[PDB]
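Asker: Before I ask anything, here is the structure I am working with.
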Amino acid sequence: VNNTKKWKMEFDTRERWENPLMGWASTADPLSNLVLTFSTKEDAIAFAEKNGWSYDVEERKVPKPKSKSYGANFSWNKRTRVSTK
Amino acid sequence: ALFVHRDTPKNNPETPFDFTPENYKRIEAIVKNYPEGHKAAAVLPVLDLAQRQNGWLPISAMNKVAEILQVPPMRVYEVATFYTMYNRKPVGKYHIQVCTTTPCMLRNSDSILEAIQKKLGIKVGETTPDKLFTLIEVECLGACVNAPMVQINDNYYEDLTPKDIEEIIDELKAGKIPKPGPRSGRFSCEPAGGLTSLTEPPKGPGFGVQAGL
Amino acid sequence: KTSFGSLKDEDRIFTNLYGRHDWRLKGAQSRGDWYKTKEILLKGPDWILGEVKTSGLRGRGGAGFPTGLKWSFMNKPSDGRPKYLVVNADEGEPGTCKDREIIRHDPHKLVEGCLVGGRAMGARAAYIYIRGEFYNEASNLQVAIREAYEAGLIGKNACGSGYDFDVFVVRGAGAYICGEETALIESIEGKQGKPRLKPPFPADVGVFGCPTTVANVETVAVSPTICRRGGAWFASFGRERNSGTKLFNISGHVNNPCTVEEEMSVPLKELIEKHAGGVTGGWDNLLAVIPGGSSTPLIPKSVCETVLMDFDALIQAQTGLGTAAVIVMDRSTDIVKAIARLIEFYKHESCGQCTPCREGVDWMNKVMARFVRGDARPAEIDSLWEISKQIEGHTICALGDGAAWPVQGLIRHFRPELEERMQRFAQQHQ
Ligand SMILES: NC(=O)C1=CN([C@@H]2O[C@H](COP(=O)(O)OP(=O)(O)OC[C@H]3O[C@@H](n4cnc5c(N)ncnc54)[C@H](O)[C@@H]3O)[C@@H](O)[C@H]2O)C=CC1
Ligand SMILES: Cc1cc2nc3c(=O)[nH]c(=O)nc-3n(C[C@H](O)[C@H](O)[C@H](O)COP(=O)(O)O)c2cc1C
Ligand code: SF4
Ligand code: FES
């Protein structure tokens, strides 16, 4: 989960077409490889507003806390018994 | 030796296996030893009953045990491949198991293994062509003071010399059954030169019972 | 008391150890079994736990956990779930055949122990997980259990005490790891014998999810004798924290390979030279002794002169007491072949669940198979030492410990012999 720590700013992907000679992926978008890295969301929004970029923001998705019990795998009367191990 | 299965004409899910009706009564008695809701605990005794009926387990005994206990068939396949008594291959009528761990190797179990090999003409893992004997080489059978020893399907034949195990295989070839015990002078596990202990008569009831009881 | 051993026949718990008397109910009652069992059941669980805690009885399975402290973990009110005694009767340890003799020749002592132990812990029934290879022993135990049900000694209103207690026998199917208590619990549940992690302990979540005690045959069968004779009688033997009598299995290179009951802190030399007829070729023919079964590290001949056969003296000899199954090895033994066969046992008896045992025990077997031939170089002894240390303590159960320990004992006491094996391989093959 170490790549999920920082806020990124990317852009909309524009056209990538085929090179007539070699079949390579040609582009005309200069900002197609431009990915920035921010410590917080607010730094990212301030940088986007400072540069006049229209932005939209997804909130951070953290995994919810789970109730892990190794004893639940061997219960007396619950469906959460494992059939094998 | 393989822990995957392939369908052969002798071993496939259309191979005919079914329990006998008295085996169904014994399965009912097995299942009534476990709590309601944990009928899956009867997988090992019912699969052992299927092996004692059929001699080995085709993959129709595993599926029948999976059906009559309402467990998934993979959870019977796991048990049949985990434990070394379940014969997934058809073994001979006398499945000889020579113990060759360290307490039996120290008392020359290699002599008995070589004697069984040159007596039957087979090696470890092979079956005689008349399907009477299968020789394998097992771990500790828990008869270490009676080393060296073998096991022939249920019975421990103990304190053996190569002459003893050749006599046992001879009178198994004659249709008879030998006596499951030590082949020396002693009876179960005592010292061979007489008892070093328990020579006095036992004290009976009430000896040394404390006060307040 | 300073000198231990020479146990008299009046203090033998396991009379009819050798099959010389009747094992059935009329013979067991005529030797003292099932005597005043109703009174023991009516005196309550706390009294039986106090008699086991007073006796200094440690767990005869091989780990030596205190039996009364262990059984008091079940002394708690019910939470809707039933409670169970589970009697460990697998005994797959090479060297060890004592539980076979208890089940086969004193079965009613084991059944009365099931009743008394399961009374002390409030247990509903007893599941004796016997080894599958002990088929005649299991039927022997079933005949005794039928005789105990028919006499009213177990079952509905057991011994007339109003405490209902069943006794079941579950047979194994050829897995040494199914004597490990959580793997045995999983094997009763119809699954692969793979050890559960700890915690949950079996007193919290054991067989079927219920509160459970897994106890050895020998620590169960001595408990009616402890509750009849008193805990102080049983604590009068052995050293302190090392009380009682112990069954010993002297096998290997001795004159008279035997099973014998002896006092706890008996010397090893006294046991071998008294009950086994001594080592073949004399005491000077002794090379090394595996003291208590295959899981314990061996001790060389210099340690065997003075060491006592209890838990603490063998821990001070940097081995363990274990199952108290004495494997004696003389000077005519290739000890590297014997320890490598022991590690070959431990990789054939390994369930494959966790990574250190599944991988490292096979890798220790390959290194030890090269060490028998000497197809190695002496940096690989320290390599195998570190591999044993990586397996030890990092596994789920103690079969990883029990596989790492004989390698460590072999290295620790016979590194020069391993080195000369490898250098004669190196000189005659190059
Ligand atoms: N008797 C035989 O045939 C064999 C015996 N062994 C012996 O097994 C031993 C290893 O067995 P283990 O059970 O893994 O050893 P040990 O660490 O776990 O514990 C022994 C007993 O104490 C109980 N216990 C310990 N701490 C506890 C706690 N905090 N709460 C509740 N219960 C607790 C365990 O449940 C177990 O029943 C080895 O020393 C070896 O000598 C090994 C192989 C075969
Ligand atoms: C791999 C392994 C195998 C074991 N096998 C047995 C066994 O066969 N019989 C036994 O009584 N204890 C065996 N034990 C020890 C048990 O885990 C447990 O300590 C014992 O059975 C019950 O505890 P007790 O000593 O108080 O009776 C084994 C332990 C391990 C790690
Ligand atoms: S260490 Fe070995 S015996 Fe234990 S859980 Fe792992 S595979 Fe099983
Ligand atoms: S070593 Fe062969 S029976 Fe235990």
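Identifiers in the structure tokens: chain A, B, ... in order shown; residue index from 1 per chain; ligand index from 1 in order shown.
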Only residues of chain B matter here; which ones have an atom within 6 Å of chain C, counting only C-alpha atoms? Give them as a PyMOL selection string.

Answerer: chain B and resi 40-44+79+83-85+102-103+106+140+142-145+189-192+196+198+202+204-205+208-210

Asker: May I have the residues within 7 Å of ligand 1, computed using only C-alpha atoms and all ligand atoms, as a list in words?

Answerer: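 Residues satisfying the distance criterion: residues 61, 62, 63, 64, 65, 70, 90, 91, 92, 93, 96, 179, 180, 181, 201, 202, 203, 214, 215, 295, 296, 321, 322, 323, 397, 398 and 402 of chain C.
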
Asker: Please produce a file of the residues just selected, as a PDB file, in the first residue's frame, where the atoms kept are N, CA and C atoms.

Answerer:
```pdb
ATOM      1  N   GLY C  61       2.718 -36.162  27.578  1.00  0.00           N
ATOM      2  CA  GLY C  61       2.824 -36.096  26.130  1.00  0.00           C
ATOM      3  C   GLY C  61       4.244 -35.867  25.670  1.00  0.00           C
ATOM      4  N   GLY C  62       4.973 -35.013  26.372  1.00  0.00           N
ATOM      5  CA  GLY C  62       6.371 -34.820  26.070  1.00  0.00           C
ATOM      6  C   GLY C  62       6.837 -33.410  26.316  1.00  0.00           C
ATOM      7  N   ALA C  63       5.895 -32.495  26.478  1.00  0.00           N
ATOM      8  CA  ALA C  63       6.242 -31.103  26.690  1.00  0.00           C
ATOM      9  C   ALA C  63       6.331 -30.728  28.159  1.00  0.00           C
ATOM     10  N   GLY C  64       5.725 -31.510  29.045  1.00  0.00           N
ATOM     11  CA  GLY C  64       5.873 -31.276  30.465  1.00  0.00           C
ATOM     12  C   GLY C  64       5.144 -30.073  31.003  1.00  0.00           C
ATOM     13  N   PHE C  65       4.022 -29.707  30.408  1.00  0.00           N
ATOM     14  CA  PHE C  65       3.219 -28.645  30.980  1.00  0.00           C
ATOM     15  C   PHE C  65       2.516 -29.190  32.220  1.00  0.00           C
ATOM     16  N   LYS C  70      -3.084 -26.956  33.599  1.00  0.00           N
ATOM     17  CA  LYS C  70      -3.663 -27.118  32.272  1.00  0.00           C
ATOM     18  C   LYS C  70      -5.145 -27.445  32.343  1.00  0.00           C
ATOM     19  N   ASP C  90      -2.090 -40.972  19.809  1.00  0.00           N
ATOM     20  CA  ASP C  90      -1.463 -41.213  18.517  1.00  0.00           C
ATOM     21  C   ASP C  90      -0.109 -41.883  18.691  1.00  0.00           C
ATOM     22  N   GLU C  91       0.825 -41.205  19.364  1.00  0.00           N
ATOM     23  CA  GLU C  91       2.145 -41.731  19.723  1.00  0.00           C
ATOM     24  C   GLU C  91       2.936 -42.146  18.479  1.00  0.00           C
ATOM     25  N   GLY C  92       3.208 -41.168  17.634  1.00  0.00           N
ATOM     26  CA  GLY C  92       3.955 -41.449  16.435  1.00  0.00           C
ATOM     27  C   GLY C  92       5.436 -41.219  16.576  1.00  0.00           C
ATOM     28  N   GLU C  93       5.902 -41.008  17.780  1.00  0.00           N
ATOM     29  CA  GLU C  93       7.286 -40.653  18.027  1.00  0.00           C
ATOM     30  C   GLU C  93       8.164 -41.890  17.912  1.00  0.00           C
ATOM     31  N   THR C  96       9.068 -44.482  20.874  1.00  0.00           N
ATOM     32  CA  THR C  96       8.025 -44.454  21.893  1.00  0.00           C
ATOM     33  C   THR C  96       6.963 -45.506  21.603  1.00  0.00           C
ATOM     34  N   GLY C 179      -0.862 -36.268  16.102  1.00  0.00           N
ATOM     35  CA  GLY C 179      -0.764 -36.328  17.540  1.00  0.00           C
ATOM     36  C   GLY C 179      -0.580 -34.960  18.158  1.00  0.00           C
ATOM     37  N   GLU C 180      -0.139 -33.991  17.352  1.00  0.00           N
ATOM     38  CA  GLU C 180      -0.127 -32.600  17.782  1.00  0.00           C
ATOM     39  C   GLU C 180      -1.558 -32.177  18.047  1.00  0.00           C
ATOM     40  N   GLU C 181      -1.766 -31.451  19.150  1.00  0.00           N
ATOM     41  CA  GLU C 181      -3.097 -31.348  19.741  1.00  0.00           C
ATOM     42  C   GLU C 181      -4.081 -30.601  18.844  1.00  0.00           C
ATOM     43  N   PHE C 201      -6.367 -21.284  22.228  1.00  0.00           N
ATOM     44  CA  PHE C 201      -6.006 -22.547  22.830  1.00  0.00           C
ATOM     45  C   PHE C 201      -7.208 -23.480  22.816  1.00  0.00           C
ATOM     46  N   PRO C 202      -6.986 -24.793  22.962  1.00  0.00           N
ATOM     47  CA  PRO C 202      -8.126 -25.721  22.991  1.00  0.00           C
ATOM     48  C   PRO C 202      -9.079 -25.523  24.149  1.00  0.00           C
ATOM     49  N   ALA C 203      -8.642 -24.932  25.263  1.00  0.00           N
ATOM     50  CA  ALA C 203      -9.571 -24.647  26.349  1.00  0.00           C
ATOM     51  C   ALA C 203     -10.564 -23.555  25.984  1.00  0.00           C
ATOM     52  N   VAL C 214      -6.772 -31.447  25.405  1.00  0.00           N
ATOM     53  CA  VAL C 214      -6.074 -32.564  24.794  1.00  0.00           C
ATOM     54  C   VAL C 214      -5.008 -33.029  25.767  1.00  0.00           C
ATOM     55  N   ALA C 215      -5.091 -34.283  26.193  1.00  0.00           N
ATOM     56  CA  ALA C 215      -4.130 -34.838  27.130  1.00  0.00           C
ATOM     57  C   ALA C 215      -3.658 -36.200  26.646  1.00  0.00           C
ATOM     58  N   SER C 295      12.402 -36.322  18.715  1.00  0.00           N
ATOM     59  CA  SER C 295      12.401 -34.864  18.720  1.00  0.00           C
ATOM     60  C   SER C 295      13.469 -34.270  19.619  1.00  0.00           C
ATOM     61  N   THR C 296      13.913 -34.996  20.624  1.00  0.00           N
ATOM     62  CA  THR C 296      14.933 -34.475  21.513  1.00  0.00           C
ATOM     63  C   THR C 296      16.312 -34.607  20.873  1.00  0.00           C
ATOM     64  N   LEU C 321      13.467 -33.987  27.976  1.00  0.00           N
ATOM     65  CA  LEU C 321      12.973 -35.290  28.402  1.00  0.00           C
ATOM     66  C   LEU C 321      12.061 -35.895  27.353  1.00  0.00           C
ATOM     67  N   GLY C 322      11.078 -35.135  26.878  1.00  0.00           N
ATOM     68  CA  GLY C 322      10.240 -35.614  25.791  1.00  0.00           C
ATOM     69  C   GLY C 322       9.326 -36.747  26.215  1.00  0.00           C
ATOM     70  N   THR C 323       9.238 -37.763  25.364  1.00  0.00           N
ATOM     71  CA  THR C 323       8.384 -38.914  25.623  1.00  0.00           C
ATOM     72  C   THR C 323       9.032 -39.938  26.536  1.00  0.00           C
ATOM     73  N   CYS C 397       3.563 -25.356  14.698  1.00  0.00           N
ATOM     74  CA  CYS C 397       3.652 -26.276  15.821  1.00  0.00           C
ATOM     75  C   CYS C 397       5.117 -26.634  16.039  1.00  0.00           C
ATOM     76  N   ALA C 398       5.354 -27.592  16.930  1.00  0.00           N
ATOM     77  CA  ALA C 398       6.701 -27.951  17.335  1.00  0.00           C
ATOM     78  C   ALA C 398       7.268 -29.112  16.541  1.00  0.00           C
ATOM     79  N   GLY C 402      10.976 -29.931  16.449  1.00  0.00           N
ATOM     80  CA  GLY C 402      11.368 -31.320  16.575  1.00  0.00           C
ATOM     81  C   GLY C 402      12.161 -31.848  15.407  1.00  0.00           C
TER      82      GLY C 402
END
```

Asker: What are the nearest atom pairs, with distances in Å to one decimal, for all residues of chain B that come at most 12 Å from ligand 4, using only C-alpha atoms and all ligand atoms, set out by chain and rising residue number as a Markdown table?

Answerer:
```
| residue | atom | partner | partner_atom_place_in_ligand_line | distance |
| --- | --- | --- | --- | --- |
| B:97 | CA | ligand 4 | 2 (Fe) | 10.3 |
| B:98 | CA | ligand 4 | 2 (Fe) | 8.0 |
| B:99 | CA | ligand 4 | 2 (Fe) | 4.6 |
| B:100 | CA | ligand 4 | 2 (Fe) | 5.9 |
| B:101 | CA | ligand 4 | 1 (S) | 4.8 |
| B:102 | CA | ligand 4 | 1 (S) | 5.8 |
| B:103 | CA | ligand 4 | 1 (S) | 4.4 |
| B:104 | CA | ligand 4 | 2 (Fe) | 4.3 |
| B:105 | CA | ligand 4 | 1 (S) | 7.5 |
| B:106 | CA | ligand 4 | 1 (S) | 9.0 |
| B:107 | CA | ligand 4 | 2 (Fe) | 9.3 |
| B:108 | CA | ligand 4 | 2 (Fe) | 10.4 |
| B:109 | CA | ligand 4 | 2 (Fe) | 8.3 |
| B:110 | CA | ligand 4 | 2 (Fe) | 11.5 |
| B:137 | CA | ligand 4 | 2 (Fe) | 10.4 |
| B:138 | CA | ligand 4 | 2 (Fe) | 8.4 |
| B:139 | CA | ligand 4 | 2 (Fe) | 6.7 |
| B:140 | CA | ligand 4 | 4 (Fe) | 3.9 |
| B:141 | CA | ligand 4 | 3 (S) | 4.1 |
| B:142 | CA | ligand 4 | 4 (Fe) | 4.2 |
| B:143 | CA | ligand 4 | 3 (S) | 4.0 |
| B:144 | CA | ligand 4 | 4 (Fe) | 4.0 |
| B:145 | CA | ligand 4 | 3 (S) | 7.7 |
| B:146 | CA | ligand 4 | 3 (S) | 7.5 |
| B:147 | CA | ligand 4 | 2 (Fe) | 6.0 |
| B:148 | CA | ligand 4 | 2 (Fe) | 6.5 |
| B:149 | CA | ligand 4 | 2 (Fe) | 6.6 |
| B:150 | CA | ligand 4 | 2 (Fe) | 8.2 |
| B:151 | CA | ligand 4 | 3 (S) | 9.7 |
| B:156 | CA | ligand 4 | 3 (S) | 9.6 |
| B:157 | CA | ligand 4 | 3 (S) | 10.8 |
| B:158 | CA | ligand 4 | 3 (S) | 9.2 |
| B:159 | CA | ligand 4 | 3 (S) | 10.6 |
| B:160 | CA | ligand 4 | 2 (Fe) | 11.8 |
```

Asker: Based on DSSP run over this structure's backbone, return all residues of segment 164-386 of chain C in helix (DSSP H, G or I), as a ChimeraX atom specification.

Answerer: /C:176-179,181-188,207-209,217-221,223-229,231-235,268-275,283-285,311-316,335-348,355-373,379-386

Asker: Give as an MDAnalysis selection string every residue of chain B that touches chain A within 9 Å, counting only C-alpha atoms.

Answerer: chainID B and resid 37:38 40 71:72 75 78

Asker: As a PDB file with N, CA, C and O atoms, in the first residue's frame, please: every protein or nucleic acid residue near ligand 3 (cut-off 6 Å, counting only C-alpha atoms and all ligand atoms).

Answerer:
```pdb
ATOM      1  N   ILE C 177       1.668 -36.067  12.480  1.00  0.00           N
ATOM      2  CA  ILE C 177       1.285 -34.736  12.922  1.00  0.00           C
ATOM      3  C   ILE C 177      -0.092 -34.736  13.571  1.00  0.00           C
ATOM      4  O   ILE C 177      -0.376 -33.884  14.416  1.00  0.00           O
ATOM      5  N   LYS C 194      -3.935 -30.557  10.034  1.00  0.00           N
ATOM      6  CA  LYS C 194      -3.093 -29.386  10.038  1.00  0.00           C
ATOM      7  C   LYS C 194      -3.269 -28.649  11.346  1.00  0.00           C
ATOM      8  O   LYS C 194      -4.408 -28.409  11.760  1.00  0.00           O
ATOM      9  N   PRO C 195      -2.174 -28.332  12.030  1.00  0.00           N
ATOM     10  CA  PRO C 195      -2.271 -27.662  13.328  1.00  0.00           C
ATOM     11  C   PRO C 195      -2.845 -26.261  13.208  1.00  0.00           C
ATOM     12  O   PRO C 195      -2.448 -25.479  12.344  1.00  0.00           O
ATOM     13  N   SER C 350       5.140 -34.386   8.035  1.00  0.00           N
ATOM     14  CA  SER C 350       5.136 -32.932   8.034  1.00  0.00           C
ATOM     15  C   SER C 350       3.961 -32.529   7.176  1.00  0.00           C
ATOM     16  O   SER C 350       3.861 -32.992   6.041  1.00  0.00           O
ATOM     17  N   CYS C 351       3.054 -31.708   7.679  1.00  0.00           N
ATOM     18  CA  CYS C 351       1.814 -31.616   6.934  1.00  0.00           C
ATOM     19  C   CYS C 351       1.881 -30.607   5.799  1.00  0.00           C
ATOM     20  O   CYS C 351       0.985 -30.599   4.952  1.00  0.00           O
ATOM     21  N   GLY C 352       2.914 -29.775   5.748  1.00  0.00           N
ATOM     22  CA  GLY C 352       3.074 -28.833   4.663  1.00  0.00           C
ATOM     23  C   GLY C 352       2.389 -27.501   4.851  1.00  0.00           C
ATOM     24  O   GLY C 352       2.322 -26.728   3.895  1.00  0.00           O
ATOM     25  N   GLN C 353       1.904 -27.190   6.053  1.00  0.00           N
ATOM     26  CA  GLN C 353       1.079 -25.998   6.219  1.00  0.00           C
ATOM     27  C   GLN C 353       1.916 -24.731   6.172  1.00  0.00           C
ATOM     28  O   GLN C 353       1.730 -23.891   5.289  1.00  0.00           O
ATOM     29  N   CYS C 354       2.841 -24.566   7.106  1.00  0.00           N
ATOM     30  CA  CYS C 354       3.605 -23.333   7.086  1.00  0.00           C
ATOM     31  C   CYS C 354       4.887 -23.527   6.307  1.00  0.00           C
ATOM     32  O   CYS C 354       5.377 -24.639   6.135  1.00  0.00           O
ATOM     33  N   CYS C 357       8.652 -25.240   8.014  1.00  0.00           N
ATOM     34  CA  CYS C 357       8.731 -26.694   8.068  1.00  0.00           C
ATOM     35  C   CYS C 357       8.653 -27.312   6.683  1.00  0.00           C
ATOM     36  O   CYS C 357       9.540 -28.086   6.316  1.00  0.00           O
ATOM     37  N   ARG C 358       7.645 -26.915   5.886  1.00  0.00           N
ATOM     38  CA  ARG C 358       7.400 -27.489   4.558  1.00  0.00           C
ATOM     39  C   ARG C 358       8.615 -27.399   3.653  1.00  0.00           C
ATOM     40  O   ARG C 358       8.950 -28.357   2.950  1.00  0.00           O
ATOM     41  N   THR C 395       7.763 -21.770  13.227  1.00  0.00           N
ATOM     42  CA  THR C 395       6.733 -22.623  12.671  1.00  0.00           C
ATOM     43  C   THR C 395       5.428 -22.481  13.450  1.00  0.00           C
ATOM     44  O   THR C 395       5.332 -21.735  14.422  1.00  0.00           O
ATOM     45  N   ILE C 396       4.408 -23.214  13.008  1.00  0.00           N
ATOM     46  CA  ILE C 396       3.123 -23.173  13.695  1.00  0.00           C
ATOM     47  C   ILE C 396       3.122 -24.119  14.888  1.00  0.00           C
ATOM     48  O   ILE C 396       2.730 -23.738  15.995  1.00  0.00           O
ATOM     49  N   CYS C 397       3.563 -25.356  14.698  1.00  0.00           N
ATOM     50  CA  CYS C 397       3.652 -26.276  15.821  1.00  0.00           C
ATOM     51  C   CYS C 397       5.117 -26.634  16.039  1.00  0.00           C
ATOM     52  O   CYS C 397       6.015 -26.055  15.428  1.00  0.00           O
ATOM     53  N   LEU C 399       6.719 -29.403  15.367  1.00  0.00           N
ATOM     54  CA  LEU C 399       7.391 -30.365  14.512  1.00  0.00           C
ATOM     55  C   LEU C 399       8.544 -29.715  13.776  1.00  0.00           C
ATOM     56  O   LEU C 399       9.507 -30.398  13.419  1.00  0.00           O
ATOM     57  N   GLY C 400       8.461 -28.410  13.528  1.00  0.00           N
ATOM     58  CA  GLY C 400       9.623 -27.690  13.045  1.00  0.00           C
ATOM     59  C   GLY C 400      10.729 -27.651  14.077  1.00  0.00           C
ATOM     60  O   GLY C 400      11.904 -27.851  13.749  1.00  0.00           O
TER      61      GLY C 400
END
```

Asker: Taking 4 positions as the minimum chain separation for residues in the same chain, which residues sit within 9 Å of residue 86 of chain B when counting only C-alpha atoms? Answer as a list in words.

Answerer: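 Returned residues: residues 47, 48, 51, 56, 57, 79, 80, 81 and 82 of chain B; 173 and 174 of chain C.
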
Asker: Please save C-alpha atoms of the selected residues as a PDB file, in the first residue's frame.

Answerer:
```pdb
ATOM      1  CA  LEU B  47     -13.652 -43.405   4.307  1.00  0.00           C
ATOM      2  CA  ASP B  48     -11.678 -45.997   6.277  1.00  0.00           C
ATOM      3  CA  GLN B  51     -11.383 -48.851   2.221  1.00  0.00           C
ATOM      4  CA  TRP B  56      -8.578 -49.381  -1.747  1.00  0.00           C
ATOM      5  CA  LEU B  57     -10.292 -46.141  -2.655  1.00  0.00           C
ATOM      6  CA  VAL B  79      -8.316 -36.265   3.472  1.00  0.00           C
ATOM      7  CA  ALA B  80      -7.651 -39.200   1.156  1.00  0.00           C
ATOM      8  CA  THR B  81      -4.437 -37.636  -0.134  1.00  0.00           C
ATOM      9  CA  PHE B  82      -3.289 -36.369   3.268  1.00  0.00           C
TER      10      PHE B  82
ATOM     11  CA  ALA C 173      -5.285 -42.695   9.445  1.00  0.00           C
ATOM     12  CA  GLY C 174      -1.502 -42.600   9.351  1.00  0.00           C
TER      13      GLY C 174
END
```

Asker: At a cut-off of 10 Å, list the chain A residues touching chain C, using only C-alpha atoms, as a PyMOL selection string.

Answerer: chain A and resi 69-78+81-85

Asker: Return the single residue from C:315, C:290, C:129, C:240 that is closest to residue 45 of chain B, with distances computed using only C-alpha atoms.

Answerer: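 That would be C:129, the residue with the smallest distance to residue 45 of chain B.
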
Asker: Could you pull the residues within 12 Å of segment 124-129 of chain B, counting only C-alpha atoms, minus those fewer than 3 positions along the same chain, as a ChimeraX atom specification?

Answerer: /B:1,89-100,110,112-121,132-138,173

Asker: Write out as a list in words all residues of segment 38-220 of chain C that DSSP puts in strand (DSSP E) for this structure's backbone.

Answerer: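 Result set for segment 38-220 of chain C (strand (DSSP E)): residues 84, 85, 86, 87, 88, 89, 125, 126, 127, 128, 129, 130, 166, 167, 168, 169, 170, 171, 212, 213, 214, 215 and 216 of chain C.
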
Asker: Report the distance between atom CA of residue 24 of chain B and atom CA of residue 46 of chain B in Å, rounded to one decimal place.

Answerer: 9.5 Å

Asker: I'd like to know which of C:69, C:217, C:111, C:308 is closest to ligand 2, using only C-alpha atoms and all ligand atoms.

Answerer: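 Nearest candidate to ligand 2 out of C:69, C:217, C:111, C:308: C:217.
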
Asker: Find the residues around residue 55 of chain A up to 10 Å (only C-alpha atoms counted), leave out those fewer than 2 positions away in its own chain, and share them as an NGL selection string.

Answerer: :A and (9-11 or 44-45 or 48-49 or 52-53 or 57)

Asker: Please write the residues from the selection above to a file, keeping N, CA, C and O atoms, as an mmCIF file, in the first residue's frame.

Answerer:
```
data_model
loop_
_atom_site.group_PDB
_atom_site.id
_atom_site.type_symbol
_atom_site.label_atom_id
_atom_site.label_comp_id
_atom_site.auth_asym_id
_atom_site.auth_seq_id
_atom_site.Cartn_x
_atom_site.Cartn_y
_atom_site.Cartn_z
ATOM 1 N N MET A 9 -1.821 14.276 -9.619
ATOM 2 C CA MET A 9 -2.534 15.076 -10.604
ATOM 3 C C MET A 9 -2.115 14.572 -11.973
ATOM 4 O O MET A 9 -0.947 14.685 -12.349
ATOM 5 N N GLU A 10 -3.052 14.004 -12.708
ATOM 6 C CA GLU A 10 -2.846 13.662 -14.101
ATOM 7 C C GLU A 10 -3.850 14.451 -14.924
ATOM 8 O O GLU A 10 -4.611 15.257 -14.393
ATOM 9 N N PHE A 11 -3.857 14.222 -16.226
ATOM 10 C CA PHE A 11 -4.770 14.922 -17.110
ATOM 11 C C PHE A 11 -5.592 13.923 -17.907
ATOM 12 O O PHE A 11 -5.431 12.708 -17.784
ATOM 13 N N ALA A 44 -2.777 20.116 -3.886
ATOM 14 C CA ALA A 44 -3.058 19.762 -5.271
ATOM 15 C C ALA A 44 -4.099 20.686 -5.881
ATOM 16 O O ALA A 44 -3.949 21.135 -7.023
ATOM 17 N N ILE A 45 -5.154 20.988 -5.126
ATOM 18 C CA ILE A 45 -6.194 21.891 -5.603
ATOM 19 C C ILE A 45 -5.656 23.311 -5.751
ATOM 20 O O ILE A 45 -5.977 24.008 -6.721
ATOM 21 N N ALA A 48 -3.664 23.393 -8.897
ATOM 22 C CA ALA A 48 -4.491 23.370 -10.099
ATOM 23 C C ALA A 48 -5.188 24.703 -10.323
ATOM 24 O O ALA A 48 -5.346 25.141 -11.465
ATOM 25 N N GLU A 49 -5.625 25.355 -9.246
ATOM 26 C CA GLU A 49 -6.272 26.653 -9.378
ATOM 27 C C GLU A 49 -5.275 27.747 -9.706
ATOM 28 O O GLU A 49 -5.626 28.720 -10.379
ATOM 29 N N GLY A 52 -4.670 27.606 -13.470
ATOM 30 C CA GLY A 52 -5.833 27.756 -14.321
ATOM 31 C C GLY A 52 -6.389 26.474 -14.883
ATOM 32 O O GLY A 52 -7.196 26.516 -15.814
ATOM 33 N N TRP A 53 -5.984 25.335 -14.343
ATOM 34 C CA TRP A 53 -6.468 24.050 -14.812
ATOM 35 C C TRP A 53 -7.831 23.754 -14.217
ATOM 36 O O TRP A 53 -8.040 23.909 -13.011
ATOM 37 N N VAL A 57 -11.981 16.184 -8.309
ATOM 38 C CA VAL A 57 -11.282 15.585 -7.181
ATOM 39 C C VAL A 57 -12.043 14.358 -6.716
ATOM 40 O O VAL A 57 -13.222 14.453 -6.358
#
```
